[PDB]
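Two forms, one protein chain; structure tokens for each follow separately as structure 1 and structure 2.
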Structure 1
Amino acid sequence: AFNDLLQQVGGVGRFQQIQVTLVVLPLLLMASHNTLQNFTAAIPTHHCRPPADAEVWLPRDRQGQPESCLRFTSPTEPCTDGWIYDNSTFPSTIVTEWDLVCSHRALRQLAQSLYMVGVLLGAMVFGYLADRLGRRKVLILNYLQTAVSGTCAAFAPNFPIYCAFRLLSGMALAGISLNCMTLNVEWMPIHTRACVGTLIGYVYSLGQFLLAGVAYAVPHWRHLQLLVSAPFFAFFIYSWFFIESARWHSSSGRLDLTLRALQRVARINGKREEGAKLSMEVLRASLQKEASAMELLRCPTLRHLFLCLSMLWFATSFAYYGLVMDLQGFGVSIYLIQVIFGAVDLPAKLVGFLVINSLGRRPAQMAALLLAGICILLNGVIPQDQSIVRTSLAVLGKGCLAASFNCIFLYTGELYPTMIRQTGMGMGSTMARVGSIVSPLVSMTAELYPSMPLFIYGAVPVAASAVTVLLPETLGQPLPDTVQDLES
């Protein structure tokens, strides 16, 4: 009956209207910190450096554009003398610093994959150490780490240092992302748990506008990294005034701390009379009523349901974080493609919340996944000459993939039983990060063919859009209680 207590103290009061916004404000920067290897690691046009023994020194081909690997040995040799990058649009990036061109093309992908290898470990470690130390105690440490290892990478003199510090930044953000929602949904009432679940996805897709603005205001990569990883100091200085969630104190056993927190919340809300009316016996008599991750195995009815959902999660995340990168090659500047990839997410949700309720979950999911797969696969056929009909397919695929996220999140929840639903969505979201790890590794093979990555990104969602023909429909039904009554 804890919700009745929360309603007694005031329900949704000024305390919530302050702490909720102060905790959800630091998610305007996660979009910037995720898709940064588009403005901080761009690749400008480059050609070999002629020896200062003096124009006609480069074996140009393919419509006259100079080669990028040979230098006419005598007036067909590897460069070994540094390159001469252009400085008209990208004055400085990572690839300009450490010469990641024509022999070390895999290093950008290695950095982007090492940033995402340190989001899995983050979501694991800072999720295990959150319900054992405190939500606020972990928020403070993460707000600190994501700025003591995110501005010390903007001053790195080597490549491995940059890689390791980006890994640590990802490790911190992967704990901020969990603890935000976990702490935020515990001080709200029970009837407003879905109005705060669609606010961490409505302010999440506003970081892309901020990125398209900032990265255009500040082109250099060191200044950009520093200016994007600086405000976490301000977000950390005031991170001591947060109030710990009373439900965690209640679960841990210590009830006097819960009573103190509730009295403080009552004083803040302006209900001192009912706050002092609260006592120890009242709480002891009102809250006296108060799942293995391996049980998914050795149980066919659960394993058969887990495999399909894992495949759907993986395919969606893989296609998404394979498409949202490589904004170069559409004939239009990146500062205009970002503000179009981030402004097509409103219709992709207004239609997702209009097709699932009218037909179901299976048809909407399958349609979104297959249409995104086709729109992705069709770009690896049309030649790069077209530039008006080659970005529309990209924006359509991105919208369809966002709709796929928003539908699979609800479907996985409504599908599982009620006791294992907490550790089912966890194992389902974990498989949405192995996808983001293996997504940039595939883009390395673009050396073997100029379109094989685009073909790989197009076939996995299509091969996954045929898995939903094995899952039960769950529109207009009661949520299944146990594994026994889960039949149809």
Structure 2
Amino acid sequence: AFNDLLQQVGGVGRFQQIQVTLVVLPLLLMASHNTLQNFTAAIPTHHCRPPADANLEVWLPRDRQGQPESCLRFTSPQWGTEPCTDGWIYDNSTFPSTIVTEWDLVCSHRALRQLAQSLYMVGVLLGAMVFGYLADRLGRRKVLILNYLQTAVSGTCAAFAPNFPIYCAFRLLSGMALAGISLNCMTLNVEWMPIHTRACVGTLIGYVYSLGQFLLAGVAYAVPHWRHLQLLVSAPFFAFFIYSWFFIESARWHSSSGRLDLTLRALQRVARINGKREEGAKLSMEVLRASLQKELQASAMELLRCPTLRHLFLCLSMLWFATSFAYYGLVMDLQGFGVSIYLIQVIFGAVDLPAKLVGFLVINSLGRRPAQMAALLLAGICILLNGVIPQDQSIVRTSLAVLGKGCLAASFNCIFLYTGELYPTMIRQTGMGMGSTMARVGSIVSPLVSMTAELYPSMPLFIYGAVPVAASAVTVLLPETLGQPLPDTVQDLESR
């Protein structure tokens, strides 16, 4: 019954305004880190370095396009092919330095650029799990303080990485910390705020991430060099670590632990901050106990064990994997469209704003399932048509990728509501975590799929498209939730 107490000590008041602003400010740089490698790893045009002894036309084989071939140089001077031992010359017009230029992650080692994104995301999957356990054991706040320090240290050390294995290690650790920031952000804010506003928070947090995409575009234009851009995007988290010491730990986590002494201390401190001091003094242990006694979940396995909840698990896992796998596939590949990588990031960021509305409108009106078939099928049709339409077309390809990314942003928003209303109260938090875990598996698998570009230039896109088209067909199986009350038991779910 914490909700009741939550409204005695000011409800939303100075403490919630101050702390929530501060706890959601870091998220503005989650987008900057997740998709940083579009700018820190951009691939400049590379052609082989002519042999040093020789004093480009004569030393470079030309492809059909008539541009110098990237991975080959002539063995002997041809007037009017060996792999390149002497290195590559990279165009410096757009990208002064990138991890690709620094470590020659080009030609045979091209897959390494994507391995690094996959490793960062392996870190994000690991961090959601490690830090989720650690938060329940050490506190939402203590785990946040340590996560701000880890992102700052790991990201700074990645910027000063001397070799590629080390950059990848510090990028996995950066992601582990960031996964814990994104989780503990929600928990600390949601638990210190009213229950009814469990979605507005899910929204401000959602839009604060989208604004992060414009932040990456503006920051990357200003600081093109990768070591400098990685340092700039990670140095803010040392400042976050310094003020995070003044956060107030969730009183709800304190009550759950068994320490009502700290629930009382937090509630009184907040009453001083919100200005309702008299009302806080009234709060004692005879009151807090009785009014928090009723409050005082099922194992994840159950999702698999019950046939009813296994069907809802499998179906939703395909929906969460597909949306993430496709979304990262599209968001990762900003260079191919033929427009500046900065304008495309700004555009891609913008779409999320009219998308989320159009989504809200179709979801609250038509249904929660028709919106998921439409958001995923249309994204799949757009991505597969980006694959088929010839590159020459930049506007037709850019417009279709932009619509597709907007549709996958809508799918993210719907799959959150859809997944919280489909599950019964007992397994609803486990189920939203498993769904988010499958989303993170999608992000790990997506860069690995992109490595198939070598096999065929359009194979990466044909998969990033076919998977959402298949997920859309899976939504047919799931049950409509519009106008139906949330289920409380498996039987309840079965009934409706």
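Just so we're on the same page, residue numbers count up from 1 along structure 1's sequence. Rigid core here is just the name for the largest C-alpha set that superposes within 1.5 Å across the two forms.
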2 Å-or-more CA mover between the two structures, where superposition uses the core and the choices are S310, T192, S205, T182: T192
After superposing on the rigid core, how many Å does the CA of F241 move between the two structures? 0.9
Please give the CA displacement of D131 between the two structures, in Å, after core superposition. 1.2
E274: Cα shift between the two structures after core superposition, Å, came to 2.1
